[PDB]
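*Asks:* I'd like to ask you about the structure that follows.
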Number of protein chains: 10
Amino acid sequence: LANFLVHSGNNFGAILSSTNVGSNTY
Amino acid sequence: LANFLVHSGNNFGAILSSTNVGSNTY
Amino acid sequence: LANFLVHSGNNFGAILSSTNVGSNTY
Amino acid sequence: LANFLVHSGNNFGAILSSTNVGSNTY
Amino acid sequence: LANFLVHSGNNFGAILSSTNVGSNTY
Amino acid sequence: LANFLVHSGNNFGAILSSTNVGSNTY
Amino acid sequence: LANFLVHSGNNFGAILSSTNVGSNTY
Amino acid sequence: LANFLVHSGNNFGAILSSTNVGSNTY
Amino acid sequence: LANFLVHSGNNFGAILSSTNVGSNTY
Amino acid sequence: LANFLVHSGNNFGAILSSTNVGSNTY
């Protein structure tokens with residue numbers, strides 16, 4: 001069906017794919 | 001069907017794809 | 001059908017694609 | 001059918017594509 | 001069905017895939 | 001000032017109050 | 001100031017209050 | 001200032017309050 | 001300042017308060 | 001400042017407070 005499959009009744013969480021997240025604190 | 005598949009009844013979470021997120025704190 | 005597929009009954013979450021998000025705090 | 005597909009019954013969330021979002025706080 | 005499958009009743013946790021997360025503290 | 005207060009610079013998200021949302025799929 | 005306060009620069013997410021959301025799948 | 005306070009630069013997530021969410025799958 | 005305080009640069013996660021979430025699978 | 005304080009640069013996780021979550025599987 002798919003390479004990735006998320007099946008839920010209620011969903012509240014984030015879903016990231018091919019993302020670049022970065023944090024810099026000075 | 002797809003490379004990525006999200007199937008839910010109620011959805012409340014963010015869905016990111018090929019995104020660049022960045023935070024800088026000074 | 002698609003490379004990405006979001007199937008829901010009620011949707012409330014944001015859907016980002018190829019987006020650049022940035023925050024700077026001084 | 002498409003590269004990205006969003007199928008819902010009721011939709012309330014934002015859908016961004018190729019967008020640049022930025023916030024600066026002084 | 002899929003290479004990865006997440007089946008739940010209520011979901012609250014993040015789901016990352018092919019993501020690069022980084023933090024730098026100075 | 002108020003029981004609920006939403007203060008933003010740019011707003012794009014829906015704001016619901018005392019609403020009844022329902023979806024039925026057959 | 002308020003019982004609930006949401007202060008942001010850019011807002012894209014939904015804000016629900018005293019809402020009843022329901023989904024039925026057959 | 002408030003009983004609940006959400007302060008961000010960019011916001012993308014849903015904010016629920018006194019909400020009743022329900023899903024039924026047959 | 002508040003009883004609950006969420007301070008972030010970029011926010012993507014849901015924020016629930018006094019909510020009742022329920023899922024029934026048959 | 002607060003009874004509970006969440007301070008982050010980028011946030012992706014759900015934040016629950018005074019919530020009742022329930023799942024029933026038959």
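All residue names refer to the structure tokens as shown: chains lettered A, B, ... in order, residues numbered from 1 in each chain, ligands numbered from 1 in order.
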Using only C-alpha atoms, determine which residues of chain E fall within 9 Å of chain J; present them as a list in words.
*Replies:* residues 9, 10, 12, 13 and 14 of chain E
*Asks:* Name the residues of chain E that fall into strand (DSSP E) according to DSSP on the backbone, using the chain letters and numbers of this document, as a list in words.
*Replies:*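 Assigned to strand (DSSP E), within chain E: residues 2, 3, 4, 5, 6, 7, 10, 11, 20, 21, 22, 23, 24 and 25 of chain E.
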